[PDB]
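Colleague: There's a structure below that I have some questions on.
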Amino acid sequence: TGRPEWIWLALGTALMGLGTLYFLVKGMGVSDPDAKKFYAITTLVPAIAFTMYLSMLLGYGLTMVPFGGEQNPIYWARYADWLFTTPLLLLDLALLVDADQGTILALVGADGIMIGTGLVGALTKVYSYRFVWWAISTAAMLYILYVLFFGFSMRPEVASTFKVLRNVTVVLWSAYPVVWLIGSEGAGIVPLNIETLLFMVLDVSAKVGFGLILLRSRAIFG
Amino acid sequence: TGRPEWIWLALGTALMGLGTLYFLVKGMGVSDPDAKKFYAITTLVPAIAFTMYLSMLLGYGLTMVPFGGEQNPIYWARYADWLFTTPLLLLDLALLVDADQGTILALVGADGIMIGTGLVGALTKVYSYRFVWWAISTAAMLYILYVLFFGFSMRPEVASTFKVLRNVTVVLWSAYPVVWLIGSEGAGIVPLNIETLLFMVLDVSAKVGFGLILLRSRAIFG
Amino acid sequence: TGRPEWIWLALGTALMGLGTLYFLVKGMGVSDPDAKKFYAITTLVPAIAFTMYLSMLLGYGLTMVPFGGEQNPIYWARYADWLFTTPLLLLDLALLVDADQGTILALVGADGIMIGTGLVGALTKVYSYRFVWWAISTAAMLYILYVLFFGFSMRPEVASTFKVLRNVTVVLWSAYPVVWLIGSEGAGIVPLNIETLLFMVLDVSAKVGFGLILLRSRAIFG
Ligand SMILES: *C/C=C(C)/C=C/C=C(C)/C=C/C1=C(C)CCCC1(C)C
Ligand SMILES: *C/C=C(C)/C=C/C=C(C)/C=C/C1=C(C)CCCC1(C)C
Ligand SMILES: *C/C=C(C)/C=C/C=C(C)/C=C/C1=C(C)CCCC1(C)C
């Protein structure tokens, strides 16, 4: 299409589609109820991302937001994705370590706040206020990372896989607020097409990369 | 009103209203926690459907979608209904057979995908792409039906009621993609008023019919 | 700002912000998984309310709804708040008394209905029909209050705290339909700025007041 970022939306669509079918095939067989849990969560994440990448690709998940006196192309479908996929990702971590329900409700709700205030910031028409919402969302993100490091003595295999995915998570998720801040939603330093490339690489790694690590682990079986 | 389909929206409103009050009365009494579960789920389904039928009846759940160069009347409130009532229906089936949580999360999330891509398809302004979303949604539907048949040795009474509702479910839910495809959201072969009649008959059967079968069964008690 | 109600939106923002940080600090320490549950729920409630008060304050959570041939300023962000915070409040009550899951699903779903039909009523452009949605929502509210009084012999300490919060809940929640009815969403008897003051006082009491009562109780510990 006439949108230079179309290629990264097409590649993301394809890669999420392929990871979904890979994980669906892979989880064929599985009878351990525990493993079943991780397969369901982990397959749903890129299936949802597939649909929202495709909706961006076809033009549906894009809207024009006037701010700084200009019509800014905002991809809102990313927040409908993340709204569901980022808690699912947290549930995978949480189940690995047998978290208490209170800690899981803390994580999912901080996550909701993170994404929803990101969305409000994305659609806010007063430029300066966009970054107030960014800050609040970032603070929710930092709470989540805090809990992942300080909020949890288990089978060695659980701990090891949990520690790797936790590290993957902090590194990748921490990049999203930066991208947003310097990209088209924020200061407009980085053009939309490079931004969309950046988010494609992060999303595939955080979903399909993460899930390959998890689902090859015997940490997921009782 | 000046909408010929108004009569089927009024009858659906009434029938869902009546089934809700019937099931509410009926579940009066119930102390078995298990039965309580099925009554809550099963009463909520047509109560939600009541509200969305009424919102269509009064004009609120209808929007104009330009496509094939025309203003197409799309009832979006059906997807707000289904978004909640179709997972609830799946939960009823799932609890009957004591499904593993992983299988329940698979079903609810495939269902979310089904309805949400149905909604995107319903509101898409590029005619051809409407049917890409239809296909993806249908494939989610076929996954759900697959799991209901191949994803689950229990008390004979559970199995029997489970098998009847499962059959009811596959037959009725399978008709929805057809109706959408030949009706006003899709190829426009069947006029909106007949379409609305068709969806009224399916919805009442899938909700109030289904629930009468379930809630008369002693399969719902421990 | 040029909106007279701005001061009560600023004070509500501040008070919800402060209660969130108070409860977050307070729950620092807590290891009892049960207590952890109540802290998560109870801290999330005013954190969510903080974000929606701030979105009203900045103008984002406000839209113009034409009815009775006039552009009525409707704060829709209250329903995005309540959609999540009112079930959370019910979950706090429900967990205190060890409710059956069927009763919890009844409460959360009646609550969803309550808020969602409130939202539909708030955005309905046919004046008379606004109050049909009000009535349906009120009837959901009365079901919830009914269940809180007649739907539940435990540790004396649980019962006592449960009875106080239950009383707090019925009194405060019952005022909301009245405010809506006489205020800008309804009959327009009470100006928007006084209405916004009223909702600020109720919300802070129902969230931050309620939570102070709960989280000082040893009813929350196993
Ligand atoms: C599947 C995609 C994932 C794991 C995406 C994660 C997204 C975030 C961690 C987003 C964070 C943001 C903030 C902390 C600040 C404001 C903007 C956001 C929403 C991009
Ligand atoms: C209470 C109403 C029920 C049980 C409705 C079920 C609706 C479906 C099974 C819808 C399926 C659709 C597709 C598979 C394709 C695209 C359009 C839909 C959403 C009508
Ligand atoms: C945190 C805020 C709380 C506890 C707010 C509760 C709101 C209600 C109980 C709202 C009830 C309403 C009706 C019963 C009728 C129509 C309008 C509503 C949504 C204001």
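Since chain C takes its numbers from Swiss-Prot, the residues it shows come out as 18-169, 175-244.
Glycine is no exception: its Cβ is also placed from the backbone N, Cα and C atoms.
As annotated in Swiss-Prot:
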- C:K229: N6-(retinylidene)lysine (MOD_RES)
- C:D98: site 'Primary proton acceptor' (SITE)
- C:43-56: topological domain 'Cytoplasmic' (TOPO_DOM)
- C:76-92: topological domain 'Extracellular' (TOPO_DOM)
- C:110-120: topological domain 'Cytoplasmic' (TOPO_DOM)
- C:141-147: topological domain 'Extracellular' (TOPO_DOM)
- C:205-216: topological domain 'Extracellular' (TOPO_DOM)
- C:23-42: transmembrane segment (TRANSMEM)
- C:57-75: transmembrane segment (TRANSMEM)
- C:93-109: transmembrane segment (TRANSMEM)
- C:121-140: transmembrane segment (TRANSMEM)
- C:148-167: transmembrane segment (TRANSMEM)
- C:186-204: transmembrane segment (TRANSMEM)
- C:217-236: transmembrane segment (TRANSMEM)
Colleague: So 5 residues are not built between C:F169 and C:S175. What's the Cα distance between them in Å?
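Modeller: Flanking Cα atoms: 9 Å.
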Colleague: Near the topological domain 'Cytoplasmic' (C:43-56), which same-chain residues lie under 8 Å Cβ to Cβ, leaving out any that are not at least 6 residues past its ends?
Modeller: 109, 112-113, 236-237, 242-244
Colleague: Return yes if the transmembrane segment (C:217-236) and the transmembrane segment (C:148-167) have at least 3 CB pairs under 8 Å (sequence gap of 6 or more), otherwise no.
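Modeller: Not in contact, no.
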Colleague: Same chain only, please: residues at least 6 beyond the ends of the topological domain 'Cytoplasmic' (C:110-120) with a C-beta under 8 Å from a C-beta of the stretch. Say none if there are none.
Modeller: 54-55, 58, 164-165, 168-169, 176, 180-181, 183-184, 187-188, 191, 236, 241-242
Colleague: Please determine which of the recorded positions listed here (C:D98, C:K229) has the lowest count of neighbouring CB atoms within 10 Å.
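Modeller: Result for the recorded positions C:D98, C:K229: minimum number of other Cβ atoms within 10 Å at C:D98.
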Colleague: When DSSP is mapped onto helix/strand/coil, what comes out for C:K229 (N6-(retinylidene)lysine)?
Modeller: helix
Colleague: With CB pairs under 8 Å as the measure, which of the listed stretches C:93-109, C:148-167, C:186-204 comes out on top against the transmembrane segment (C:121-140)?
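Modeller: Most contacts with the transmembrane segment (C:121-140): C:148-167.
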Colleague: Can you tell me how far the Cα of C:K229 (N6-(retinylidene)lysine) sits from the Cα of C:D98 (site 'Primary proton acceptor'), in Å?
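Modeller: The Cα atom of C:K229 (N6-(retinylidene)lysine) is 12 Å away from the Cα atom of C:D98 (site 'Primary proton acceptor').
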Colleague: So which residues does the topological domain 'Extracellular' (C:141-147) touch in its own chain, when a touch means Cβ under 8 Å and the partner is 6 or more beyond its ends?
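Modeller: Long-range Cβ neighbours of the topological domain 'Extracellular' (C:141-147): 82-85, 207-208.
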Colleague: Could you give me three numbers for the topological domain 'Extracellular' (C:141-147), the DSSP helix, strand and coil residue counts?
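Modeller: Grouping H, G, I as helix and E, B as strand yields 4 helix, 0 strand, 3 coil.
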Colleague: Do any residues, 6 or more residues outside the topological domain 'Extracellular' (C:205-216), come within under 8 Å Cβ-to-Cβ of it, and if so which ones?
Modeller: 20-22, 25, 85, 89-91, 138-139, 147-148, 151
Colleague: Other than its close neighbours in sequence, what residues sit by the topological domain 'Extracellular' (C:76-92), given a CB gap under 8 Å and a spacing of at least six beyond its ends?
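Modeller: Sequence-distant neighbours of the topological domain 'Extracellular' (C:76-92): 18, 69, 139-144, 147, 206-207, 210, 214, 218.
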